[PDB]
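Residue strings, one per chain:
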Amino acid sequence: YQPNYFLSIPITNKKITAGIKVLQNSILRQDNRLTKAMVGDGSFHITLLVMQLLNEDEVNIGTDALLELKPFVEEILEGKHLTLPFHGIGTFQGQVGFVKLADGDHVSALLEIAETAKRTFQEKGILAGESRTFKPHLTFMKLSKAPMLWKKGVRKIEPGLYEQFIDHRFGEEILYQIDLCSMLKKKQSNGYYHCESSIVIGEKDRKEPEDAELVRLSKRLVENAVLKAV
Amino acid sequence: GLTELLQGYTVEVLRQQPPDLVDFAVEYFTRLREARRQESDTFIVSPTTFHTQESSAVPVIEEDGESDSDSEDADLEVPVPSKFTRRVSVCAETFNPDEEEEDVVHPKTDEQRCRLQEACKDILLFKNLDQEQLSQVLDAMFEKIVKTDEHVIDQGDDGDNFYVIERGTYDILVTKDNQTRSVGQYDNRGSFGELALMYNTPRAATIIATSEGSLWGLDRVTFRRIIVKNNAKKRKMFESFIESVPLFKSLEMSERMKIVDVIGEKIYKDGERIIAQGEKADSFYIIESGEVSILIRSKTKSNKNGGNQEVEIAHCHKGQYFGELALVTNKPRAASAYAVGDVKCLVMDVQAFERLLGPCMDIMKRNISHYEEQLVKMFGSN
Amino acid sequence: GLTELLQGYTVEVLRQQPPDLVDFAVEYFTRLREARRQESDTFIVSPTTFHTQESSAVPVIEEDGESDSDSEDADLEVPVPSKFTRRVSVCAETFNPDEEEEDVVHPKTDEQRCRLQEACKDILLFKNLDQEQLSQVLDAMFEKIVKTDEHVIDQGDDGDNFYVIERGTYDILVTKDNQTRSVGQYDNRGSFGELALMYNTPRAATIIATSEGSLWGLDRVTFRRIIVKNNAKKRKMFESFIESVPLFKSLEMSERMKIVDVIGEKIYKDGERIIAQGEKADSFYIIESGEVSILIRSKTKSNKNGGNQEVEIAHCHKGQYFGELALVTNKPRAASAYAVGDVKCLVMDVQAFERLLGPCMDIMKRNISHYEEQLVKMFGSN
Amino acid sequence: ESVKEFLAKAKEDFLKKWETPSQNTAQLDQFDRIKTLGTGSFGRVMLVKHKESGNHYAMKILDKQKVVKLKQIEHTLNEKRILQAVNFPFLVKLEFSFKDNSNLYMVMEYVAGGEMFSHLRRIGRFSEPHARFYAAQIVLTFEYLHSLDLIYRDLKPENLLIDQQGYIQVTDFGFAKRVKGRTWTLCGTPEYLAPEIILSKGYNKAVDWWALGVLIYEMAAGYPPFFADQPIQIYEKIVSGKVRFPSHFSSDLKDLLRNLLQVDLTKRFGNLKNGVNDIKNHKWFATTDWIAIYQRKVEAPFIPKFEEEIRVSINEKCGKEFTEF
Amino acid sequence: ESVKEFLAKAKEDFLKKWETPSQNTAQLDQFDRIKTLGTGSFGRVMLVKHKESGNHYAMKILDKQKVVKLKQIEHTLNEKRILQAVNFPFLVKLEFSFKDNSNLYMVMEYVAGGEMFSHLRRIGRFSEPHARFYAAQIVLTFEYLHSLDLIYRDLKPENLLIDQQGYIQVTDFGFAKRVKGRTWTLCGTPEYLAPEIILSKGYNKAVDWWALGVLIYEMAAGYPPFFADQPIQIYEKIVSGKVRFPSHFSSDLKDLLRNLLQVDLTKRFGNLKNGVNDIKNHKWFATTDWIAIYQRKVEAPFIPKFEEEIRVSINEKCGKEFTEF
């Protein structure tokens, strides 16, 4: 089926979106007619779940299902933040360019969240999810967005264009907000998709409300140093 | 362990803000480095059992089976069957008794023949045969030479001959059921197989020669034919002498044959007395050869005395009879009778005659037109 | 440096795979810990100095201008008119001639003063000065010592003094246009700068000493004041002696001054003749000191002869006059006049008197009520 | 008396059938076939039923060819001529006779009864009254037969049948022969042979009476008077005439038997002047009603208990000699 | 004669103005300003025009303060008192006088004519008739002045102007002084100084007549009688009185000049009994009509050819002494 709505994980880490802006611009200085293929500033996201919401009631139902999903995602994470590392570049058959999600324990957790999301929405009467394997990625360009490119000889993304960013660490996004977004409505002023509703996973997010305080950071500093040593 | 180890260090760096991170690391891990454990636990656990109670279930079925069993048992065969199936008739070969028409030559010395007679005295079939038949029979006996080890007769085999031993030794054997016994021997004497002269029947024993020997043999058929022929000839001859006697003319054929059946024969040498005057009259005679003189001592003629000598009243020949009065009276013989030369007479007992045909007087009257004649003959003058 | 420290340890843990991470940390950080060498630096002088503040924003402006340029050769132009060539007035410093009220001491030996007089004989301003004024003037001359090489006067400089050489040698120089000539020398004799005694004017030459020397100097103002004062005193004094003479009473002030202007003075030693009887009467006298004896040789009294000796007609003193008749007649002197002791008389020439005031007879008549009296005085008895 | 009447009429009836044998009477297709009891050791006798009347008969199968061998072929061609010419109540009957390529088939009457030999042997011996009952029947039968000059010559328990009425019926005329005068074949059964037969003296009616004496003795004793294990001894005893009677034999019986078992023909009952009356009038037969026995009116003392498919030759064979039949 | 009349009326008119100087007469706002010819080496003289009448005058600018220095401040305060009190046809005129913080401003008459010095020097020398013409004017002027006991003391071509009518007009009263008796300042011009001045004997009217002798000589010769390159020599010649006359000088002239240039005061013309008549009646002046010259009716022999903005002090300064003005 053709989805018209999706659950979105927005990219809020400014380093990630700034790195992608650089990537997009470097491609454009090599070939400026790729301009309309680039995804818009402010639109960067990971799609968690696609669906069809076909009327006002169903849009309300989607919003209800998103709210109902919150405790489930909290259950799944078992008191740990979900960290999504974005590293390197890939394509879907040379037509869609994306920043890759790095391999790790987070991928299975993300998949679990996606499947629980699909179940939660379907149990509320919403056609959601797909039969194909969930392969999350962070899109930065799509040739289909610029139809005149075929019409003038550009029919695939030249792999040389993004060669320098092939092992570029864009940054890490911690899961917090999940948005219910319209694919077809007018985008927000800041470039992001039209949002019907949002939830926040985070507590926000800690096992304990009271400050440690900053005791955990030692964990973040160490984990990051180990990741860099690899 | 790597992240946790470095987290303890990094917490202390953040808390304590040391000016030299490396020196602080040497101190922290050295103090950590001693690695003494205040307490440790090592444990062994006994097996633990948890008990649950399981859920019930219901099964429903009904089954019916029907069958019938029978058994049998077996026993030893005895008792064995007891009954015996049959008995049988016997029959010799038939033969036209009446002489067909004159149409066996085996040489024998006086000693041999004389010895054969002796060997045959007691055999029942031979025992009471007349002189002639015995001669014809011995004449018919053929010789059979036997070499040692030879079987004269074998038990079971059909029999046709009777044998008299002439020379040699023989062993006799008899098989009873599965057993064979050498029961007896013969040493240049003996005879056996007499039964074969009557009819054909299985040999009851086996006889084997134990040396070169010789046996006189006689075939049944030859023996029976000699005897029947001779007795049938004798019968015809007796019949004739009775028939020509006028006193018996009223007799029927069958009545004459009853006489022939029992009537006797006697031979008298010239001069010997046949009937003595005075003794009891029991029979009558019919001369078949020779002559007979009838004498009477003339004393029984008055009252005490006289002649007391010899007087010939009559003189009979072939075909005639005398002593007839014994048939019609019961007084002592009136006169004596002597054989005139060699004589052969048929002798009939009066009492037997009566038992068979009744009193002679009735026979004489049967033919009434000759009754007187008969009477005058019997009690008359001449 | 915290993340980098933790990373470096982790890299070696991943490479070496130590079973005991704590022992590996002790050894790693101990080996790391010495960590030579931390830094290198160079130290130099600023050199530090005070300075005005370095930075300002810069305004931007647009402007336009126009110019006039004059180009010329350059010349000294030393000489320029100077068109006149016009004679200019001169003027000395003014001064109240009439003696203010008595209210210069420079020692000098007889030889020195005597020598100063000699040196001044020919100088026009000094040439005809009376005894007294010359004395007062020399008195006023101050000494000026000069060392060799010193400039007494320099051409062009303003002048105030006149100098007389006392000792030393000097070179005189005169610059004409651009040329300077050593024109002459002085050797312990000389004087110069006389013009300075008249009015202030530029020195016309330069005088330089060529040895230690001494000069007598005189300042204009001092010189003029000495002279004017003295001549104004003399005038007042002459005026008085004329005024007290009754013959001249009808004279007007200005008429007496014309006399004062030209009238002479004479000194006579006791006994010497002033007027000789018989010679021509040309002037008259007015005694200002001493006495005069008037004698007449009594011969001109008859017709040839007599007295011919000496007789005193009159005897005059301070304030009186004699020889008056020369003013009203033209006959030889009647008598002689001799000085009685030391005498000082004012001497007036009659012809000059007439040219200035006209004949004396008219003056005597001016005041008619005294005409007779005057006449009797002049031509009378006593 | 009627005795003469009967015999006279009897001889008439017999001479007529004797001098004109009733040949091939009935047809084989009138009789079916049932069981087949006729083996043993000779001949083929099989039971059979009738058509219209539907009666039971005993048919003897004699293959025309089977003959010629054996012992004789006349002792039969003659046997047939007699059975057909005779008629008596205690004699088996030749009901129907016929032949043709099959040839010589005897349709004998059938009495579903018991054998005399089996009965006598089982019970051992008969009481004298019972023995006298059977004896009378044989005396009468012999008087009839001898009246026709026919001698049986094979009397014995084995040849006597007890019919369903309990009366005797005589079978097997193998040795039966018409003889006026004397005959000579040595035949019969060992135990029952007469001295004259054993010795070949020639004989006629007297042997049947001797046999009767043997028959009566065995019935009342259980065993024959001249028994022995060896045939030779039997004959020597027979010739000696010496007889030993059981203890239980009555006087009248012993006397009758001494007269029947007479080696001396001048003293043998039946052979003397009065013939069969010497027997009929004997004290042992005093309680006998001869007419009653003849009409079978007396009550018998014992009522007895009561395969393949051959074909012709489609052609007559030995009929070139067995004409007379 | 009228001579006495004139002088009498003259002294009257003079003593009146002398003993009551006409101070600060006109106002500076009645006069404008034109050119500015008044430099040289002292003083500030600038031309100017009048309002109502619209006349031309020569105004001398004397800064009240400028004074006090220089050589003297009375030779002026006195100079002003004289110019104002005198009235003669051949004398320049003080038209208007005024001061106040500016103070001391001289409004002199103006004659657009030529200088005597320039004219004489150009043509070399005047003919005797022409010289006599100018001389007469100076004699008359001196008679007037001496009548008032005033001595000029600075006679010379340089101080004489030739007006548009060709008549002389005397200027610069710097040394003019009223003296009855004797005076002593050594002043004038070298060439024109009298022996008595050079020698400080005291003097009065006689020096003006001596100067006239010098003035007449120079006009008729072209050069002064006691000329020399050095001032000292000039004076020594002056004192000796010895004079040498050019060849062309007439007798009457030489005689007149010997009498004017008399070192001997008892013989000098003008100083004797008859005063100025000894001069007026001299043979050299015989063809002179004194009245005619006075009324300027005679025909002259030669008709001549014809900056910044200062301000007051808004306050009067040296007025604490220059009161009299």
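The rules behind the values
Sequence positions are given from 1 along each chain as written, possibly unlike the numbering in the entry, and residues without coordinates are left off. Think of it this way: whatever chain is written first is A, whatever ligand is written first is 1, and the rest follow in order. Side-chain descriptors were evaluated using all non-hydrogen atoms of the structure, hydrogens and water having been removed beforehand. Residues with missing side-chain atoms are left out of burial classes, side-chain pairs and their counts. In this description, contact between two residues means that some pair of their heavy atoms is separated by no more than 4.5 Å. Accessible area that two parts lose when put together, evaluated with a 1.4 Å probe and summed over both, is termed the buried area. A pairing counts as a salt bridge when a side-chain nitrogen of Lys or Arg comes within 4 Å of a carboxyl oxygen of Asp or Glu. Think of a polar contact as two N or O atoms within 3.5 Å of one another; within protein, one of them needs to be a possible hydrogen donor and the other a possible acceptor, and neighboring residues in sequence only count if both atoms come from side chains. Per the convention used, a helix needs a DSSP run of H or I reaching at least four residues, while a strand needs a run of E reaching at least two, with both numbered from the N terminus. Start and end points for every domain follow an automatic or database-based domain assignment. UniProt positions are given in the numbering used here, feature names are shortened, and annotations may be inferred rather than shown by experiment. One bridge is not enough; two strands pair if DSSP finds at least two bridges between them. Fitted lines through C-alpha atoms give the axes, limited to the stretch in contact for helices. The angle between two N-to-C directions lies from 0 to 180 degrees. Pairing of aromatic rings covers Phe, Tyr and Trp, the last counted by its six-membered ring, and requires centre-to-centre distances within 6.5 Å; plane angles under 30 degrees mean stacked, over 60 mean edge-to-face, and any other angle means tilted. Two conditions define a charge located above a ring, namely a distance within 6 Å from the ring centre to NZ of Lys or CZ of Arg, and an angle within 35 degrees of the ring normal. Relative accessibility under 20% of the residue-type maximum defines a buried residue, over 50% an exposed one, and the middle range a partly exposed one, all with a 1.4 Å probe and only protein chains included. All amino acids are sorted into three groups, where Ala, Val, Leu, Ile, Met, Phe, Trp, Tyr, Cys and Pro are nonpolar, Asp, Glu, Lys and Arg are charged, and the leftover types, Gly among them, are polar.

In the PDB archive, cryo-EM is given as the structure determination method for this entry, at a resolution of 35 Å.

Before going further, it helps to spend a moment on the interface of chain C and chain E. Between chain C and chain E, the contact holds 34 residues from the first and 35 residues from the second. Roughly 3,300 Å² of surface becomes buried between chain C and chain E when both sides are summed, with 59% attributable to carbon and sulfur atoms. The three residues of chain C that bury the most area against chain E are C:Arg87, C:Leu124 and C:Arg355, which together make up 21% of that side's buried surface. In this assembly, chain C and chain E are joined by two salt bridges. Where E:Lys71 meets C:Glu93, a salt bridge forms, and the shortest distance between an N and an O atom there is 3.1 Å. At the surface where chain C touches chain E, the tally comes to 18 residue pairs in polar contact. Contributing elements (two or more residues each) for the side of chain C that touches chain E: β1 (90–91), α4 (124–127), α6 (220–243), α7 (253–262) and α8 (350–357) of chain C.

Size of an interface: often given as the accessible area lost when the parts come together. Each domain of chain B was delimited in the assignment, giving domain 1 (110–225) and domain 2 (246–379). Domain 1 of chain B and domain 2 of chain B are separated by 46 Å when their C-alpha centres are compared.

Moving on, we get to the UniProt feature "binding site: 3',5'-cyclic AMP 1" (unreviewed entry) in chain B. Taken from the UniProt record, the annotation "binding site: 3',5'-cyclic AMP 1" (unreviewed entry) applies to B:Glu194 and B:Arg203. Mapped onto the elements of the fold, B:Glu194 is located in the loop between β7 (191–192) and β8 (206–209). Those residues in contact with B:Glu194 that lie beyond four places of it in its chain are B:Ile123, B:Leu125, B:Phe162 and D:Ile232. Within the secondary structure layout, B:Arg203 lies in the loop between β7 and β8. Those residues within four positions of B:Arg203 in sequence are excluded, and the remaining contacts are B:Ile153, B:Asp154, B:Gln155, B:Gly156, B:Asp157, B:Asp158, B:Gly159, B:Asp160, B:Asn161, B:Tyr163, B:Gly193 and B:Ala196.

What follows concerns the sheet that holds strand β3 (residues 83–92) of chain A. Residues and elements named next belong to chain A. As summarised here, the arrangement of the four strands in space is β5-β4-β3-β6, forming an open sheet in which the pairing is antiparallel. The outermost strands of the open sheet, each flanked by one partner alone, are β5 (137–142) and β6 (169–174). Adjacent strand axes in the sheet meet at a mean angle of 35° when their direction is disregarded. Against the sheet, helix α1 (residues 14–30) contacts β3, β4 (96–101), β5 and β6, and its axis sits at roughly 145° relative to β6. Packing against the sheet, helix α3 (residues 105–122) makes contact with β3 and β4, and its axis sits at approximately 85° to β3.

We now examine the packing of aromatic side chains. Ring pairs (aromatic) are described by centroid distance and by the angle formed between their planes. Summed over the entire model, instances satisfying the criterion amount to 75 aromatic pairs over all chains. Ring centres of E:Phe6 and E:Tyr294 lie 5.3 Å apart, and the angle between their planes is 80°; on these two criteria the pair is classed as edge-to-face. One end of the pair, E:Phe6, is in helix α1 (residues 2–18); the other, E:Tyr294, is in helix α10 (residues 290–294), with 288 residues separating them in the sequence. Of the aromatic side chains, those joined through ring pairs into one cluster are D:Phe6, D:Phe88, D:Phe90, D:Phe126, D:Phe133, D:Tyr134, D:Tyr144, D:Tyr167 and D:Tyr294. Sitting over the ring of C:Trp216, C:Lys108 keeps its end group 4.2 Å from the ring centre. Its guanidinium or amino end placed over the ring of E:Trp18, E:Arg81 lies 3.7 Å from that ring's centre, counting from NZ or CZ.

Moving on, we come to the pattern of salt bridges. Side chains that carry opposite charge are capable of pairing whenever their charged atoms lie near each other. Residue and element names in this part refer to chain C. Inspection of the entire model under this criterion finds 65 salt bridges over all chains. With its nearest N and O atoms 3.2 Å apart, the salt bridge here joins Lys 233 to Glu 99. Judged by its relative accessible area of 37%, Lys 233 is partly exposed. A relative accessible area of 30% places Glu 99 in the partly exposed class.

On to the domain arrangement of chain D, then. Residue and element names in this part refer to chain D. Examined at the domain level, chain D breaks down into domain 1 (3–20 + 115–305) and domain 2 (21–114 + 306–325). Computed from C-alpha atoms alone, the centre-to-centre distance between domain 1 and domain 2 is 27 Å. In this complex, domain 1 contributes 39 residues to the contact, which on the side of domain 2 involves 23 residues. For the pair domain 1 and domain 2, the summed buried area comes to about 2,700 Å², and 64% of that belongs to carbon and sulfur atoms. Taken as a group, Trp 18, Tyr 144 and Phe 173 account for 24% of the area that domain 1 buries against domain 2, more than any other trio of residues on that side. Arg 81 is the salt-bridge partner of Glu 19, the closest N and O atoms lying 3.7 Å from each other. Summed over the shared surface of domain 1 and domain 2, the number is seven residue pairs in polar contact. Among the secondary structure elements, those contributing two or more residues to the side of domain 1 that touches domain 2 are α1 (2–18), α4 (128–147), β7 (160–162), β8 (168–170), β9 (177–178) and α10 (290–294). Classifying every residue of the side of domain 1 that touches domain 2 gives 21 nonpolar, seven polar and 11 charged.

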